[PDB]
Amino acid sequence: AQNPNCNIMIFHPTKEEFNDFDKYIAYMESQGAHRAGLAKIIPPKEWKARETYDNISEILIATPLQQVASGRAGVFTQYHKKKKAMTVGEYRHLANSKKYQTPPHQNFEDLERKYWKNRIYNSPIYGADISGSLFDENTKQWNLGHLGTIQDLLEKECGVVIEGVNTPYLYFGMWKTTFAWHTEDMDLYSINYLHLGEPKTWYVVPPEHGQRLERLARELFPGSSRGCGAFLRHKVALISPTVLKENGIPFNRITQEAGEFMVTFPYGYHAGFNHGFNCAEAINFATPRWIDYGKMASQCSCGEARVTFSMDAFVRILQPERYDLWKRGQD
Ligand SMILES: O=C(O)CNC(=O)C(=O)O
Ligand SMILES: [Mg+2]
Ligand code: NI
Ligand SMILES: [Zn+2]
């Protein structure tokens, strides 16, 4: 069995290997990359996402989200308070202000220490989940707006034609902006490209051990767990590495820098934080190996998780027994 300790693997494809996206994902899996839940892909030196980022300041962040924490430093939830619209240039200036800017630090480890010590005492503003793309249309390799769609994959594997679309999302971050512990919708893959700015630190639980994280989460968030049998779908709970280690939960960590891709694999729980002003692009995708994960994915039916249009068909076809309850949660 390849990668039996479930380490995060880092790949350096050549420009030739960068042509065929599906083939390279399958390659990475042949080497055991999926066992970690997360892999890093460093693009060949010849590749670029676009020519420059000099002209992005007029993108609008219609609903910036202030991420307000409750709990203790290592075990907390966050809720998202909506803020007034602002442009990317206005948000960058805000991220760089004395109130929000990254503190002086020695290295990524010192910054990570400071994040876990101090995150809860601040409320950073995240421009998350913005439909759009920063890939140039002429970028033909690993262009996250030109991937094969999940609907087409389901149709190719299973023969059933379904409605829905699959487009990327932009994320504008600042120091301490946080992504809570989650797997993707329908336990899909994700791919995330850090276009510019400061790094993003990731934490991940191997898919084979995801239920250990869920059991810890039920213990640590007992009211939330009574409310919903899949409350991590709400994407609000944080647990620090120190707490994970104290509870024996297997995990790994890595820091993504600008110019690098990360892939999350089906049922790979992940969480993390931004180091400072940055911009990432991410999209969900599927492969043949995903189908079995999609069929088994948990679902929130309490009403909190509220998701895209396109998830309807995935539930309806892959999980017909759960469909009626899940759809009630949506309505
Ligand atoms: O970058 C973020 O805030 C969150 N991204 C992801 O969870 C992902 O790419 O799967
Ligand atoms: Mg612009
Ligand atoms: Ni994710
Ligand atoms: Zn729920």
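Residue numbers start at 1 and run along the sequence shown. Basis for what follows: all heavy atoms, side chains included, without hydrogens, waters or symmetry-related copies.
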Assigning hydrophobic clusters by single linkage (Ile, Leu, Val, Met, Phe, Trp, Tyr; side-chain heavy-atom cutoff under 4.5 Å), is [X] placed with [Y]?
X: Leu38; Y: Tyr24; result: no
X: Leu65; Y: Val236; result: no
X: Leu194; Y: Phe18; result: no
X: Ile10; Y: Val204; result: yes
X: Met296; Y: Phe231; result: no

Can you sort out the partners of [X] under salt bridge (charged side-chain N to carboxylate O under 4.0 Å, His left out), two or more places apart, ordered by chain and number?
X: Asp110; result: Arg113
X: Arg119; result: none
X: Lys40; result: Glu260
X: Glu208; result: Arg35

Using the benzene-type ring in the case of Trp, are the ring centres of [X] and [Y] under 6.0 Å apart?
X: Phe261; Y: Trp202; value: no
X: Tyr53; Y: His195; value: yes
X: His146; Y: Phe21; value: no
X: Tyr121; Y: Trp116; value: no

Please walk me through it: do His182 and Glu184 pass side-chain hydrogen bond (donor to acceptor under 3.5 Å, both in side chains)? CA-CA 7 Å; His182 70 283; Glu184 305 302 308; 3.2 Å; yes
Measuring from [X]:[atom1] to [Y]:[atom2], what's the distance to the nearest 0.5 Å?
X: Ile8; Y: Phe251; atom1: CD1; atom2: CZ; answer: 10.0 Å
X: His270; Y: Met262; atom1: NE2; atom2: CE; answer: 10.0 Å
X: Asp324; Y: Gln319; atom1: CG; atom2: CD; answer: 13.0 Å
X: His80; Y: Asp129; atom1: NE2; atom2: CG; answer: 8.5 Å
X: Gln211; Y: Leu216; atom1: CD; atom2: CG; answer: 13.5 Å
X: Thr264; Y: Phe285; atom1: OG1; atom2: CZ; answer: 7.5 Å

According to side chain to side chain contact (heavy atoms under 4.5 Å, CB included), who are the partners of [X], at least two apart in sequence or on a separate chain?
X: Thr167; value: none
X: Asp292; value: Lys295
X: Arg289; value: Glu29, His34, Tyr189, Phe265, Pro266, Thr287, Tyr293
X: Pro199; value: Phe108, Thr255, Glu257, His275

Looking only at heavy atoms, which two atoms of [X] and [Y] are closest? And how far apart?
X: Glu281; Y: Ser133; value: OE2-OG, 2.6 Å
X: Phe179; Y: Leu238; value: O-CD1, 3.7 Å
X: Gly227; Y: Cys302; value: O-CB, 3.8 Å
X: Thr87; Y: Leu60; value: N-CD1, 4.1 Å
X: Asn284; Y: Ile150; value: O-CD1, 3.9 Å
X: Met186; Y: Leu318; value: CE-CB, 4.3 Å

Is it the case that more than 12 heavy atoms not belonging to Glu16 sit under 6.0 Å from its CD atom?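 Yes, the 6.0 Å shell around CD holds more than 12 heavy atoms from other groups.
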Under 3.5 Å side-chain donor-acceptor pair for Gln256 and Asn192: yes
Do the side-chain N and O atoms of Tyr269 and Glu214 include a donor-acceptor pair separated by under 3.5 angstrom?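 Short answer, yes.
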Given side chains that start at C-beta, do those of [X] and [Y] come closer than 4.5 Å, heavy atoms only?
X: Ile191; Y: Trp142; result: yes
X: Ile42; Y: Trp47; result: no
X: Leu153; Y: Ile291; result: yes
X: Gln151; Y: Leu154; result: no
X: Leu220; Y: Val243; result: yes
X: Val88; Y: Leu170; result: no
X: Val165; Y: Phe309; result: no
X: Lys83; Y: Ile125; result: yes

Fit a plane to each ring of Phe277 and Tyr91, take the angle between them on a 0 to 90° scale, and name the class: parallel (under 30°), tilted (30 to 60°) or perpendicular (over 60°). tilted
Parallel under 30°, tilted from 30 to 60°, perpendicular over 60°: which one fits the rings of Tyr27 and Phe11? perpendicular
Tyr323 six-ring face occupied by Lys327 cation (under 6.0 Å, within 45°): yes
Using the side-chain hydrogen bond (donor to acceptor under 3.5 Å, both in side chains) criterion, which residues pair with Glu198? Sequence neighbours excluded. none
Results of side-chain hydrogen bond (donor to acceptor under 3.5 Å, both in side chains) for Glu137 - residues two or more places apart only: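 None.
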Working note: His234 + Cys228, criterion side chain to side chain contact (heavy atoms under 4.5 Å, CB included); need CA distance, chi angles, decisive distance, verdict. CA-CA 9 Å; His234 308 169; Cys228 178; 3.6 Å; yes
So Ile56 and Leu196, side chain to side chain contact (heavy atoms under 4.5 Å, CB included) or not? Walk me through it. CA-CA 11 Å; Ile56 66 169; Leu196 65 95; 3.5 Å; yes
I need the single residue from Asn274, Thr178, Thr177 that forms a side chain to side chain donor-acceptor pair (under 3.5 Å) with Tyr126. Which is it?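 Exactly one candidate clears the test, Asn274.
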Would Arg316 and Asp312 pass as an ion pair if we require N to O under 4.0 Å?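 Looking at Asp312 together with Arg316, the answer is yes, because their closest N to O distance falls below 4.0 Å.
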Salt bridge or not between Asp187 and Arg233? Use side-chain N to carboxylate O under 4.0 Å. yes
Side chain to side chain donor-acceptor pair (under 3.5 Å) contacts in which one or both residues fall within residues 92-105, not counting sequence neighbours: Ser57-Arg92
Sequence neighbours excluded, every pair satisfying ring pair (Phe, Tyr, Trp, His ring centres under 6.0 Å) that has a member inside residues 149-177: none
